[PDB]
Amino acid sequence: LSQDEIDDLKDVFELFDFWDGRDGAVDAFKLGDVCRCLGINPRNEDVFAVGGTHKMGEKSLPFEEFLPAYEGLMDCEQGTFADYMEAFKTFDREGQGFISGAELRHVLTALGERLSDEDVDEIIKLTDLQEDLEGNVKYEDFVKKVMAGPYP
């Protein structure tokens, strides 16, 4: 795991511990969130598998219990550009690299581990995804911006 990466989880654990009241335990419902701050992108399915809960209040974890959890999430399977384009290829009806704003927002909020409409509203804002006069977006740009993350 590297000492440095253990220090790095130390600094995130501490940050989250303060925000649910500083007592050396972070809520097991923020388990996935601490791991994403560390640069990994597991599925909710992955973090439930290492003990993550479905609700605040349910269970709380001290540092040395976050440690093996983060250790096992780090080998969760992450999607590639290649896969992303192929998936979004399946919604492209005209073959020119577009997908309408509504079909995008529909695939994200409806399929897989559906995001909330609020989650979709936000990501669209941050990536600055704009529709053209016909209401389409280039999904290859969106895909590149999401993967590049907020700082960039």
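Residue positions are given as counts along the sequence shown, with the first one as 1.
Across the two stretches, 141-149 and 3-11, the PDB entry reports the greater mean Cα temperature factor for 3-11.
Stretch comparison (13-21 versus 129-137) by mean CA B-factor in the PDB entry places 129-137 on top. Reading the B-factor column for the CA atoms of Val34, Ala69, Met56, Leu115 in the entry, the top value corresponds to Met56. Listed residues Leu111, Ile123, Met85, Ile99 were ranked by CA B-factor as deposited; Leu111 comes out on top. Looking at the C-alpha B-factors along this chain, the one for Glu103 belongs to the middle third. In the deposited entry, the Cα temperature factor of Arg93 sits in the top third of values across the chain's modelled residues. Split the chain's modelled residues into thirds by C-alpha temperature factor. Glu45 is in the middle one.
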